[PDB]
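First, one chain by itself in structure tokens, the form solved without ligand TTP.
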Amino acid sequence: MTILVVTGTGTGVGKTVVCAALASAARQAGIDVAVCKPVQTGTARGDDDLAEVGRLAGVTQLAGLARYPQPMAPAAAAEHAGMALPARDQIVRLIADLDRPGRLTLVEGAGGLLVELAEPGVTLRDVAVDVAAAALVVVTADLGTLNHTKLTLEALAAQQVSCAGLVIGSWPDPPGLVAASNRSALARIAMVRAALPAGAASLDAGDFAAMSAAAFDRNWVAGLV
């Protein structure tokens, strides 16, 4: 199976744009791509990560199971809604069914590696275990990232889910002393697959695809599948 979960060390690290960027680089390397966002939150304020991926990367196989108005973690959103999260089997089977030869399937999380994604108490980490996915970790270059990154890497190793690398979701211009130091330090604890230029989220599709093709190592991307 060729499945990556995509998970972020915090809110607003640029998780969705990383999914779009990897999706774009993979499509340009001639690889078929599906993206799954089992649970979407914050729809009241207009959130729809699957649409963002479609627009930015041209991905057409875009799968989801539930959408909640509240900008809360899934469990909290569902609780406020009075409506349970999806079942564990729903998520795992959805993903397993997307999986095809020559196809890269990306699973975008909601709320972090360790929060409940499905009933009862099932996390993105658990889903990763069930479908033998490695995890691509989206990080900032800001103060605090080394701690969050190490914490996440420990949590992944705790259940023997492979780390497929880090992506810095937003690389500042100009970087600065902290970002520059963090990027070297991040590279000492794991492979940095890409650092997406700040503001990439605003690009048109064509500019986005050019950025994405440049951001990732093409041998790495092709090797995934």
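If you superpose the two forms and keep the largest set of C-alpha atoms that fall within 1.5 Å, you have the rigid core. We number the residues from 1 along the sequence you see.
Novice: Between 141-149 and 120-128, report the one with more C-alpha displacement in 8 other deposited structures of this protein relative to this form after a rigid core superposition.
Specialist: Looking at 120-128 and 141-149 in 8 other deposited structures of this protein, the bigger mover is 120-128.
Novice: Check the entry's C-alpha temperature factors for 41-49 and 192-200, then say which stretch has the higher mean.
Specialist: The stretch with the larger average C-alpha B-factor is 41-49.
Novice: Averaging C-alpha B-factors over each stretch, which comes out higher, 173-181 or 59-67?
Specialist: Per the PDB record, 173-181.
Novice: Out of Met83, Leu151, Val127, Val138, which shows the largest CA B-factor listed in the entry?
Specialist: Of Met83, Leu151, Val127, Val138, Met83 has the highest C-alpha B-factor.
Novice: Please rank the C-alpha B-factors of the chain's modelled residues and tell me whether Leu156 sits in the lowest, middle or highest third.
Specialist: Its C-alpha B-factor belongs to the lowest third of this chain's values.
Novice: What third of the chain, by the recorded C-alpha B-factor, contains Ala205?
Specialist: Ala205: CA B-factor falls in the highest third of its chain.
Novice: By its CA B factor, does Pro101 count among the lowest, middle or highest third of the modelled residues in the chain?
Specialist: For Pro101, whose C-alpha B-factor we compare with every modelled residue in the chain, the answer is the highest third.
Novice: Just say lowest, middle or highest third for the CA B-factor of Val18 relative to the other modelled residues in its chain.
Specialist: Its C-alpha B-factor belongs to the lowest third of this chain's values.
Novice: How does the C-alpha B factor of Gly144 compare with the rest of the chain: lowest, middle or highest third?
Specialist: As the PDB entry reports it, the C-alpha B-factor of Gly144 lands in the lowest third of its chain.
Below: the form deposited with ligand TTP bound, not depicted.
Novice: Would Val17 sit within 4.5 Å of ligand TTP in the entry with it bound, counting heavy atoms only?
Specialist: Within the cut-off, so yes.
Novice: Do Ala110 and ligand TTP share at least one heavy atom pair within 4.5 Å in the entry with it bound?
Specialist: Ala110: yes, in contact with ligand TTP in the entry with it bound.
Novice: Mark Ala201 yes when one of its heavy atoms lies within 4.5 Å of a heavy atom of ligand TTP in the entry with it bound, and no otherwise.
Specialist: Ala201 belongs to the contact set for ligand TTP.
Novice: Since only the chain is shown here, I'm wondering whether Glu52 would be in contact with ligand TTP in the entry with it bound (any heavy atom pair within 4.5 Å).
Specialist: Close contact exists here: in the entry with it bound, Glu52 approaches ligand TTP to within 4.5 Å, heavy atoms only.
Novice: Counting any heavy atom within 4.5 Å as contact, can you tell me which stretch out of 44-52, 27-35, 57-65, 158-166 lines ligand TTP in the entry with it bound?
Specialist: Among the candidates, contact is made by 44-52.
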